[PDB]
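Visitor: Provided herewith is a single structure, encoded as structure tokens, for subsequent inquiry.
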Amino acid sequence: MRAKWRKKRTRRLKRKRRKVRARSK
Amino acid sequence: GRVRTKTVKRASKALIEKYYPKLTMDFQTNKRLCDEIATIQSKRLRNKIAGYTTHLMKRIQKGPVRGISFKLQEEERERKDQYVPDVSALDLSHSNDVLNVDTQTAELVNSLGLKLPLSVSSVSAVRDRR
Amino acid sequence: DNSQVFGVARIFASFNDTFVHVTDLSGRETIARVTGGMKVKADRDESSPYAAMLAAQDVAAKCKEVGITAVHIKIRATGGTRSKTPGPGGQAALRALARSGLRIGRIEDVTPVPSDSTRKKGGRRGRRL
Amino acid sequence: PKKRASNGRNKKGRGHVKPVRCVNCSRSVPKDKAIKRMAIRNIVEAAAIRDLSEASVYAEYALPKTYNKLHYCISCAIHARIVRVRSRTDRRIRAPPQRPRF
Amino acid sequence: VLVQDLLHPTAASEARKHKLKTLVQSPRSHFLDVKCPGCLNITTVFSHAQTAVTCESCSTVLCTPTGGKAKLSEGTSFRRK
Amino acid sequence: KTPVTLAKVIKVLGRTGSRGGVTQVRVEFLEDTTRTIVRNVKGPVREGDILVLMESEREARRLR
Amino acid sequence: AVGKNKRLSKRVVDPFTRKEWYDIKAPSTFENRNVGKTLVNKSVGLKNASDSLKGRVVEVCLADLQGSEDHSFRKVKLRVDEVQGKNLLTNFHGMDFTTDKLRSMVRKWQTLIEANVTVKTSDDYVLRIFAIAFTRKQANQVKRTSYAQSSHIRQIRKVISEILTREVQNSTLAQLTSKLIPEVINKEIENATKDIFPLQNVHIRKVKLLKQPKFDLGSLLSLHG
RNA sequence: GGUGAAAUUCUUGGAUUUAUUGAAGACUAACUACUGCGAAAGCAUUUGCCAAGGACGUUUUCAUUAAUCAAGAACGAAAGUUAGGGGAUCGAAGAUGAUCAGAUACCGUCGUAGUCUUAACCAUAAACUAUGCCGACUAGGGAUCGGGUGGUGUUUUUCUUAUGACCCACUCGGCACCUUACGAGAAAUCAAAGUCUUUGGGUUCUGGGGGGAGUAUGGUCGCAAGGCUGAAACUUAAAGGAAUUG
RNA sequence: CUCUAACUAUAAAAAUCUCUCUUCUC
Ligand SMILES: [Mg+2]
Ligand SMILES: [Mg+2]
Ligand SMILES: [Mg+2]
Ligand SMILES: [Mg+2]
Ligand SMILES: [Mg+2]
Ligand SMILES: [Mg+2]
Ligand SMILES: [Mg+2]
Ligand SMILES: [Mg+2]
Ligand SMILES: [Mg+2]
Ligand SMILES: [Mg+2]
Ligand SMILES: [Mg+2]
Ligand SMILES: [Mg+2]
Ligand SMILES: [Mg+2]
Ligand SMILES: [Mg+2]
Ligand SMILES: [Mg+2]
Ligand SMILES: [Mg+2]
Ligand SMILES: [Mg+2]
Ligand SMILES: [Mg+2]
Ligand SMILES: [Mg+2]
Ligand SMILES: [Mg+2]
Ligand SMILES: [Mg+2]
Ligand SMILES: [Mg+2]
Ligand SMILES: [Zn+2]
Ligand SMILES: [Zn+2]
């Protein structure tokens with residue numbers, strides 16, 4: 001693994017969860 | 001691919017060192033010599049030693065060289081390095097009697113408090129690139 | 001002058017398909033546009049010296065037919081953004097022009113060079129062949 | 001580990017340097033770590049200097065030369081034989097390799 | 001090194017070294033008495049003078065501004081005082 | 001056309017080619033002896049031989 | 001070398017049979033007045049050859065136009081204006097350096113000084129002049145380099161600017177070329193800037209035309225004869 | 001055209017290469033260096049204006065006004081985001097023809113958003129000298145840049161006194177370099193990473209095995225991307241540094 | 001103890017891999 005891409009995956013998860021929260025409100 | 005290995009080289013070199021007065025430039029004569037005067041078990045090794053010794057004979061007669069230093073060459077160097085010329089070539093005599101110096105060396109001589117006949121001259125201190 | 005008919009060879013030598021394109025002193029009227037690819041079959045040895053040599057020989061024949069004897073060569077590379085470096089064919093074309101009867105004079109390096117213009121092709125890490 | 005004291009860059013006090021593009025591989029690279037060779041060359045080789053000479057008016061021409069300053073990358077330079085991987089104790093010798101033609 | 005008289009160094013050492021480094025620091029500058037070519041009025045001038053020191057008698061410059069010691073008027077006469 | 005040319009090698013320039021069988025040779029033409037050219041030749045060669053060329057314009061470089 | 005897609009989105013004629021030759025004569029200031037020959041299509045009214053010729057440019061080394069080899073590195077552009085018949089008259093267009101000398105004298109360990117200026121000449125010609133200078137090792141150097149301080153470049157650059165301003169605004173392009181042939185202006189610059197720094201090998205680069213008044217037929221007639 | 005090769009794509013409506021030009025936008029080669037400046041990011045055409053700054057010089061002035069910095073603040077590469085001005089090259093996403101078993105990757109031809117700007121944000125980079133700042137000292141040698149000193153120095157000629165540019169010698173300050181250990185460390189190596197078990201000059205900030213993870217949540221700033229602050233449950237006996245030999 | 005000159009030019013494709021790791025005092 002290369003920490004760049006792990007951070008990219010984590011930020012993708014962050015974006016997905018933030019969009020879910022925005023749709024929830 | 002024949003390179004005349006260490007043993008033959010050292011044996012022939014020692015033969016040179018100890019026997020050069022009694023050696024010639026002819027392969028057959030040195031072959032008979034080295035067979036009679038140095039115990040060699042095998043004929044092939046004897047012949048190789050004789051060949052290398054003859055090659056070194058031709059080399060030495062061509063001129064004294066590295067490594068080989070026997071009695072005659074050492075005596076020649078002894079009588080040749082004891083060479084002493086005539087008057088010392090400094091002697092205040094050669095190169096326009098009363099030799100040239102520089103002003104700073106002149107004042108060294110003056111500060112020493114000795115005579116040391118002198119001839120002052122500047123330097124034109126320009127530093128050439130060269 | 002010795003009653004000579006001057007011309008300009010002005011070779012353009014990229015790393016592929018060396019060009020030989022002679023014109024008059026005014027530079028506008030073209031003679032013998034035949035190039036390296038004209039005289040080779042592979043379409044990939046165009047940069048090879050053979051293509052340039054045959055092109056130069058045919059140019060020389062055309063020049064002898066039209067009267068231009070002495071030449072003023074202007075060697076050019078692609079230059080500009082691309083590598084600033086002369087191609088291999090153009091020099092052989094120049095030599096072939098030299099052999100075949102014609103005369104030379106004032107060979108020039110007319111490589112177009114920029115003063116850092118043109119953010120150019122390749123990307124950050126560049127070619128990755 | 002510290003491979004080279006000068007970091008193999010030769011910047012050491014500039015912060016940032018303007019990038020330059022490689023001649024062959026077109027890689028952007030800091031201009032100091034952009035190994036550079038002054039390709040100063042005669043416009044034709046000796047195999048054609050004669051050929052041009054007898055086919056030349058203006059006898060004894062100056063035969064003008066072509067100059068260029070190749071700014072390689074490092075990958076092309078090591079691949080295209082310009083720079084050679086030398087031994088550890090020989091890295092610290094920065095003089096050109098002993099008078100190419102003597 | 002390793003054995004010195006820092007208290008009695010050679011005068012050459014005093015001269016060569018930068019000031020503020022001597023045992024006691026004394027400014028390398030000095031004061032000079034200078035005669036203007038026009039009027040005989042003598043004037044006292046600091047070696048590294050800053051402003052153009054015209055004589056009070058007449059508008060004749062005696063020193064010119066410079067990073068180091070001021071440059072004179074090429075005709076006036078200076079003596080170290 | 002029969003522009004066959006003859007050239008005597010004066011120096012053997014080692015041996016070139018990945019195969020290790022082709023020789024670079026510096027041949028001076030028998031006609032116009034003042035001119036010399038280097039060319040590639042396949043087969044055994046020694047200096048002093050005289051060799052045949054269909055083309056004499058082509059300069060031969062190393063065969064990679 | 002055979003065929004191609006030929007995405008068209010015999011009737012051949014000879015190129016040279018319908019073509020004809022013309023001669024070029026240089027301004028009388030130049031030494032070797034005969035320049036060479038140029039190829040034209042055959043003269044047919046309604047687009048006569050005269051319309052095509054006037055405006056062309058001929059690109060010739062200065063050593064050719066003088067005879068000696070000391071002018072090898074220079075290279076003059078001439079503009080085709082008047083057609084006499086079997087011979088055409090050309091006015092001065094521009095003058096330049098060959099790239100080889102320029103690249104040769106731009107070496108390391110000596111910074112260059114460039115001086116650009118845009119000046120009207122004596123009569124009406126708007127021109128642009130470049131000046132290239134290089135620092136010189138004094139013949140006692142032990143420091144291996146001859147960099148100049150930006151103040152020195154400022155002074156030398158300005159001085160060259162007024163030097164060119166005077167030498168162009170005072171005399172016309174013909175007299176300008178008269179000064180240009182024996183490069184008196186170069187040694188003038190070297191002398192005028194000698195007190196700043198040695199400044200090896202100053203030269204005038206890319207004498208570039210910008211604008212011309214109307215035609216001045218009489219000027220051309222006086223130029224050639 | 002382009003390449004290891006191959007087409008993709010433009011071509012007698014004459015493509016490509018020619019000569020003049022013109023257009024817009026971009027950058028500022030070659031000089032360009034173990035070289036300059038700045039707090040850092042960074043900064044390279046000319047000229048004017050605007051203020052600013054270090055170093056040097058200073059027998060000028062105040063006399064502790066200082067250093068580091070929690071809280072607070074200003075700058076802060078690229079990429080990103082708003083709108084408006086641009087619109088050339090180049091080019092993420094896409095469109096294409098090759099490579100391969102497959103290739104929406106590497107080679108190649110178009111190509112939006114972006115690169116360029118004006119206001120508004122964002123504040124992160126391998127922002128690296130992976131070395132915090134201010135101090136003092138310790139070892140020799142060269143050069144380099146800025147400044148100032150002496151040269152009865154040389155080139156310069158405006159007869160010549162003045163400049164300038166060099167040569168020498170000295171000094172102050174900066175990027176650095178070479179030899180070396182007599183010190184240091186684990187070693188690479190360092191003239192600072194020394195003056196440290198002979199442990200003490202003043203100071204801020206960081207870390208306590210590795211994964212979990214710079215993740216969950218709570219704040220906090222931002223329109224947005226996300227930035228700062230920031231654990232545990234659990235799991236593991238190693239992960240890691242340096243050099244040595246294959 | 002006076003010395004500042006010569007140069008060339010390649011990047012086709014190439015993926016994967018099972019046990020079994022242990023012993024130095026006289
Ligand atoms: Mg590779
Ligand atoms: Mg490594
Ligand atoms: Mg390097
Ligand atoms: Mg066309
Ligand atoms: Mg500078
Ligand atoms: Mg700085
Ligand atoms: Mg520049
Ligand atoms: Mg804080
Ligand atoms: Mg941006
Ligand atoms: Mg926009
Ligand atoms: Mg594909
Ligand atoms: Mg793609
Ligand atoms: Mg691959
Ligand atoms: Mg691509
Ligand atoms: Mg494109
Ligand atoms: Mg950070
Ligand atoms: Mg850090
Ligand atoms: Mg820091
Ligand atoms: Mg932990
Ligand atoms: Mg983690
Ligand atoms: Mg948050
Ligand atoms: Mg390791
Ligand atoms: Zn490269
Ligand atoms: Zn007075």
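Letters for chains follow the order of the structure tokens (A, B, ...), residue numbers begin at 1 for each chain, and ligand numbers begin at 1 in the order shown.
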Among the residues of chain B, find those DSSP assigns to helix (DSSP H, G or I) from the backbone and print them as a ChimeraX atom specification.
Guide: /B:6-22,27-37,43-62,71-81,103-112
Visitor: Give me the residues near stretch 84-88 of chain C as a PDB file with N, CA, C and O atoms, in the first residue's frame, where near means some atom within 7 Å (using only C-alpha atoms (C1' of nucleotides)) and where sequence neighbours in that chain fewer than 4 positions away do not count.
Guide:
ATOM      1  N   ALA C  13      16.145  18.581 -41.201  1.00  0.00           N
ATOM      2  CA  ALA C  13      16.524  17.244 -40.741  1.00  0.00           C
ATOM      3  C   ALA C  13      15.920  16.993 -39.365  1.00  0.00           C
ATOM      4  O   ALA C  13      16.531  17.309 -38.342  1.00  0.00           O
ATOM      5  N   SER C  14      14.722  16.421 -39.342  1.00  0.00           N
ATOM      6  CA  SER C  14      14.112  15.986 -38.095  1.00  0.00           C
ATOM      7  C   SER C  14      14.687  14.625 -37.715  1.00  0.00           C
ATOM      8  O   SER C  14      15.599  14.106 -38.363  1.00  0.00           O
ATOM      9  N   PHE C  15      14.150  14.021 -36.658  1.00  0.00           N
ATOM     10  CA  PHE C  15      14.528  12.658 -36.310  1.00  0.00           C
ATOM     11  C   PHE C  15      13.758  11.623 -37.114  1.00  0.00           C
ATOM     12  O   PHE C  15      13.952  10.423 -36.901  1.00  0.00           O
ATOM     13  N   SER C  47      14.350   8.599 -41.854  1.00  0.00           N
ATOM     14  CA  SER C  47      15.419   9.338 -41.198  1.00  0.00           C
ATOM     15  C   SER C  47      16.798   8.760 -41.480  1.00  0.00           C
ATOM     16  O   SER C  47      17.798   9.423 -41.189  1.00  0.00           O
ATOM     17  N   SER C  48      16.873   7.553 -42.035  1.00  0.00           N
ATOM     18  CA  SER C  48      18.162   6.930 -42.288  1.00  0.00           C
ATOM     19  C   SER C  48      18.914   7.693 -43.376  1.00  0.00           C
ATOM     20  O   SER C  48      18.301   8.330 -44.239  1.00  0.00           O
ATOM     21  N   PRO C  49      20.248   7.645 -43.357  1.00  0.00           N
ATOM     22  CA  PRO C  49      21.026   8.413 -44.342  1.00  0.00           C
ATOM     23  C   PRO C  49      20.738   8.045 -45.788  1.00  0.00           C
ATOM     24  O   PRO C  49      20.940   8.885 -46.674  1.00  0.00           O
ATOM     25  N   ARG C  76      18.668  22.794 -41.012  1.00  0.00           N
ATOM     26  CA  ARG C  76      17.633  23.033 -40.022  1.00  0.00           C
ATOM     27  C   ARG C  76      17.266  21.730 -39.332  1.00  0.00           C
ATOM     28  O   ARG C  76      17.225  20.671 -39.964  1.00  0.00           O
ATOM     29  N   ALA C  77      17.009  21.820 -38.034  1.00  0.00           N
ATOM     30  CA  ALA C  77      16.383  20.759 -37.267  1.00  0.00           C
ATOM     31  C   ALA C  77      14.949  21.158 -36.954  1.00  0.00           C
ATOM     32  O   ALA C  77      14.508  22.266 -37.265  1.00  0.00           O
ATOM     33  N   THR C  78      14.211  20.236 -36.334  1.00  0.00           N
ATOM     34  CA  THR C  78      12.857  20.572 -35.910  1.00  0.00           C
ATOM     35  C   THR C  78      12.879  21.726 -34.919  1.00  0.00           C
ATOM     36  O   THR C  78      12.066  22.653 -35.013  1.00  0.00           O
ATOM     37  N   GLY C  79      13.822  21.699 -33.981  1.00  0.00           N
ATOM     38  CA  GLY C  79      14.099  22.757 -33.033  1.00  0.00           C
ATOM     39  C   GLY C  79      12.850  23.245 -32.334  1.00  0.00           C
ATOM     40  O   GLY C  79      11.872  22.512 -32.150  1.00  0.00           O
ATOM     41  N   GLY C  80      12.876  24.515 -31.953  1.00  0.00           N
ATOM     42  CA  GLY C  80      11.744  25.087 -31.248  1.00  0.00           C
ATOM     43  C   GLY C  80      11.513  24.346 -29.950  1.00  0.00           C
ATOM     44  O   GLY C  80      12.356  24.343 -29.046  1.00  0.00           O
TER      45      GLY C  80
END
Visitor: Could you give me, as JSON lines, a per-residue list for chain H showing, wherever an atom lies at most 12 Å from an atom of ligand 14, the closest pair of atoms and their distance in Å to one decimal, using only C-alpha atoms (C1' of nucleotides) and all ligand atoms and sorting by chain then residue number from low to high?
Guide:
{"residue": "H:90", "atom": "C1'", "partner": "ligand 14", "partner_atom_place_in_ligand_line": "1 (Mg)", "distance": 11.8}
{"residue": "H:91", "atom": "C1'", "partner": "ligand 14", "partner_atom_place_in_ligand_line": "1 (Mg)", "distance": 9.4}
{"residue": "H:92", "atom": "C1'", "partner": "ligand 14", "partner_atom_place_in_ligand_line": "1 (Mg)", "distance": 10.5}
{"residue": "H:96", "atom": "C1'", "partner": "ligand 14", "partner_atom_place_in_ligand_line": "1 (Mg)", "distance": 11.7}
{"residue": "H:105", "atom": "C1'", "partner": "ligand 14", "partner_atom_place_in_ligand_line": "1 (Mg)", "distance": 9.7}
{"residue": "H:106", "atom": "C1'", "partner": "ligand 14", "partner_atom_place_in_ligand_line": "1 (Mg)", "distance": 8.8}
{"residue": "H:107", "atom": "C1'", "partner": "ligand 14", "partner_atom_place_in_ligand_line": "1 (Mg)", "distance": 8.3}
{"residue": "H:108", "atom": "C1'", "partner": "ligand 14", "partner_atom_place_in_ligand_line": "1 (Mg)", "distance": 7.6}
{"residue": "H:109", "atom": "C1'", "partner": "ligand 14", "partner_atom_place_in_ligand_line": "1 (Mg)", "distance": 9.9}
{"residue": "H:110", "atom": "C1'", "partner": "ligand 14", "partner_atom_place_in_ligand_line": "1 (Mg)", "distance": 11.4}
{"residue": "H:111", "atom": "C1'", "partner": "ligand 14", "partner_atom_place_in_ligand_line": "1 (Mg)", "distance": 11.5}
Visitor: Can you work out which residues are within 12 Å of ligand 16, considering only C-alpha atoms (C1' of nucleotides) and all ligand atoms, and then hand them over as number ranges by chain?
Guide: H: 123-127, 214, 227-228
Visitor: Show me which residues line ligand 7, defined as having an atom within 10 Å of a ligand atom where only C-alpha atoms (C1' of nucleotides) and all ligand atoms count, and present them as a PDB file with N, CA, C and O atoms (P, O5', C5', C4', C3', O3' and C1' of nucleotides), in the first residue's frame.
Guide:
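Printed below is result_32.pdb as written:
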ATOM      1  N   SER C 115      12.899  31.439 -26.916  1.00  0.00           N
ATOM      2  CA  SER C 115      13.349  32.019 -25.650  1.00  0.00           C
ATOM      3  C   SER C 115      12.375  31.654 -24.529  1.00  0.00           C
ATOM      4  O   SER C 115      11.703  32.502 -23.941  1.00  0.00           O
ATOM      5  N   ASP C 116      12.325  30.352 -24.239  1.00  0.00           N
ATOM      6  CA  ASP C 116      11.358  29.760 -23.318  1.00  0.00           C
ATOM      7  C   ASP C 116       9.930  30.189 -23.607  1.00  0.00           C
ATOM      8  O   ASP C 116       9.304  30.859 -22.783  1.00  0.00           O
TER       9      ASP C 116
ATOM     10  N   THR G 111      29.174  37.204 -18.189  1.00  0.00           N
ATOM     11  CA  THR G 111      27.787  37.572 -18.435  1.00  0.00           C
ATOM     12  C   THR G 111      27.690  38.496 -19.639  1.00  0.00           C
ATOM     13  O   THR G 111      28.630  39.224 -19.963  1.00  0.00           O
ATOM     14  N   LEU G 112      26.554  38.442 -20.323  1.00  0.00           N
ATOM     15  CA  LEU G 112      26.347  39.289 -21.483  1.00  0.00           C
ATOM     16  C   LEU G 112      25.587  40.553 -21.096  1.00  0.00           C
ATOM     17  O   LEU G 112      24.971  40.647 -20.033  1.00  0.00           O
ATOM     18  N   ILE G 113      25.637  41.534 -21.990  1.00  0.00           N
ATOM     19  CA  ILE G 113      24.893  42.778 -21.862  1.00  0.00           C
ATOM     20  C   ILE G 113      24.165  43.017 -23.174  1.00  0.00           C
ATOM     21  O   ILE G 113      24.801  43.132 -24.228  1.00  0.00           O
ATOM     22  N   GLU G 114      22.842  43.090 -23.110  1.00  0.00           N
ATOM     23  CA  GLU G 114      22.019  43.367 -24.273  1.00  0.00           C
ATOM     24  C   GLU G 114      21.438  44.767 -24.157  1.00  0.00           C
ATOM     25  O   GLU G 114      21.017  45.194 -23.080  1.00  0.00           O
TER      26      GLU G 114
ATOM     27  P     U H  28       9.370  32.922 -16.737  1.00  0.00           P
ATOM     28  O5'   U H  28      10.482  33.423 -17.764  1.00  0.00           O
ATOM     29  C5'   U H  28      11.481  32.536 -18.256  1.00  0.00           C
ATOM     30  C4'   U H  28      12.322  33.183 -19.328  1.00  0.00           C
ATOM     31  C3'   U H  28      13.277  34.265 -18.833  1.00  0.00           C
ATOM     32  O3'   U H  28      14.472  34.238 -19.610  1.00  0.00           O
ATOM     33  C1'   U H  28      11.790  35.194 -20.413  1.00  0.00           C
ATOM     34  P     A H  29      15.759  33.453 -19.062  1.00  0.00           P
ATOM     35  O5'   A H  29      15.649  32.021 -19.747  1.00  0.00           O
ATOM     36  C5'   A H  29      16.773  31.157 -19.843  1.00  0.00           C
ATOM     37  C4'   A H  29      16.614  30.183 -20.983  1.00  0.00           C
ATOM     38  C3'   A H  29      17.900  29.690 -21.624  1.00  0.00           C
ATOM     39  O3'   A H  29      18.439  28.580 -20.933  1.00  0.00           O
ATOM     40  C1'   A H  29      16.348  30.351 -23.304  1.00  0.00           C
ATOM     41  P     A H  30      19.779  28.732 -20.066  1.00  0.00           P
ATOM     42  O5'   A H  30      20.895  29.058 -21.152  1.00  0.00           O
ATOM     43  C5'   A H  30      21.160  28.153 -22.211  1.00  0.00           C
ATOM     44  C4'   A H  30      21.866  28.836 -23.353  1.00  0.00           C
ATOM     45  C3'   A H  30      22.963  29.812 -22.964  1.00  0.00           C
ATOM     46  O3'   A H  30      24.190  29.164 -22.681  1.00  0.00           O
ATOM     47  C1'   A H  30      21.568  30.784 -24.617  1.00  0.00           C
ATOM     48  P     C H  31      24.749  29.118 -21.178  1.00  0.00           P
ATOM     49  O5'   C H  31      24.886  30.652 -20.779  1.00  0.00           O
ATOM     50  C5'   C H  31      26.003  31.424 -21.196  1.00  0.00           C
ATOM     51  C4'   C H  31      26.173  32.625 -20.305  1.00  0.00           C
ATOM     52  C3'   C H  31      25.921  32.350 -18.831  1.00  0.00           C
ATOM     53  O3'   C H  31      27.117  31.931 -18.192  1.00  0.00           O
ATOM     54  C1'   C H  31      24.624  34.217 -19.541  1.00  0.00           C
ATOM     55  P     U H  32      27.272  31.908 -16.596  1.00  0.00           P
ATOM     56  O5'   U H  32      25.846  31.451 -16.059  1.00  0.00           O
ATOM     57  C5'   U H  32      25.733  30.803 -14.799  1.00  0.00           C
ATOM     58  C4'   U H  32      24.510  29.924 -14.723  1.00  0.00           C
ATOM     59  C3'   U H  32      24.262  29.026 -15.932  1.00  0.00           C
ATOM     60  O3'   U H  32      23.661  27.811 -15.490  1.00  0.00           O
ATOM     61  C1'   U H  32      22.407  30.444 -15.606  1.00  0.00           C
ATOM     62  P     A H  44      10.866  35.232 -12.204  1.00  0.00           P
ATOM     63  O5'   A H  44      12.389  35.628 -12.445  1.00  0.00           O
ATOM     64  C5'   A H  44      12.804  36.987 -12.386  1.00  0.00           C
ATOM     65  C4'   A H  44      13.861  37.299 -13.413  1.00  0.00           C
ATOM     66  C3'   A H  44      13.575  36.794 -14.826  1.00  0.00           C
ATOM     67  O3'   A H  44      14.071  37.739 -15.768  1.00  0.00           O
ATOM     68  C1'   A H  44      15.626  35.912 -14.073  1.00  0.00           C
ATOM     69  P     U H  45      13.123  38.923 -16.291  1.00  0.00           P
ATOM     70  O5'   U H  45      14.079  39.786 -17.227  1.00  0.00           O
ATOM     71  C5'   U H  45      15.016  39.163 -18.092  1.00  0.00           C
ATOM     72  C4'   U H  45      15.172  39.949 -19.365  1.00  0.00           C
ATOM     73  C3'   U H  45      15.150  41.459 -19.193  1.00  0.00           C
ATOM     74  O3'   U H  45      16.413  41.986 -18.831  1.00  0.00           O
ATOM     75  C1'   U H  45      13.644  40.851 -20.903  1.00  0.00           C
TER      76        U H  45
END
Visitor: Can you work out which residues are within 10 Å of ligand 8, considering only C-alpha atoms (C1' of nucleotides) and all ligand atoms, and then hand them over as a list in words?
Guide: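 With only C-alpha atoms (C1' of nucleotides) and all ligand atoms and a cut-off of 10 Å, ligand 8 is contacted by residues 69, 70, 71, 72 and 73 of chain H.
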